[PDB]
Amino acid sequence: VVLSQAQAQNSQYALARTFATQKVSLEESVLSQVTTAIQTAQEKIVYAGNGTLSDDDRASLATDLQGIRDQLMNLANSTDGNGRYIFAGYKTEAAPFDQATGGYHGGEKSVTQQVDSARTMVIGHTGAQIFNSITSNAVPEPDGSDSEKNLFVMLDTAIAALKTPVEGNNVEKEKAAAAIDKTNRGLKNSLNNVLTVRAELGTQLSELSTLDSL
């Protein structure tokens, strides 16, 4: 009895595993795209650091950035093949991020799944974890204020700043330039956060395959 039984318990963990592997692989694929998108915005933000840019050049950068922001929003709202949202924790049936502000509305608890007697492997990192978090490596705000954690806020503030024509207004220029500097720090912090998650999903995939190929 205990044999058949155990062999059936390990037969079941085998299924969880197969479910876990497809879920983690899609997340990893989508996060790979999130990385490239943020790196693209980072390049525009660096260009925006140039003090002699035309207001029309600045507005152009804002438009490029709105586009990247919109790609990232679509990635943050990604679903799997059954239309369940992958960055929403357990709340898989409503979009985790609102279009207007990029606020997170999904679940807070990470999705877990029993993989082997021993472990309880975290599957499905939540939206908060990817798009609204920073690691301990985060570059702090020079002025001691709290670091922005929400990627969409980082992008949205920069966009609003760049769309503000600042010709002939040094005060507005310094303000907008400070917003761009803040976004620059934030995007490094966001990139580091996404890189951290991707590495951890890589580990998860490695584990799953080590029990799957086992």
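Note that residue numbering follows the sequence shown and begins at 1.
In this entry, 16-24 has the higher mean Cα B-factor, the comparison being between 16-24 and 198-206. Higher mean CA B-factor, judged across 110-118 and 132-140 from the recorded values: 110-118. In the deposited coordinates, the residue among 123, 72, 86, 94 with the greatest CA B-factor is 123. When the modelled residues of the chain are ordered by C-alpha B-factor, residue 49 sits in the highest third. Annotation for residue 146: CA B-factor lies in the highest third of the chain's modelled residues.
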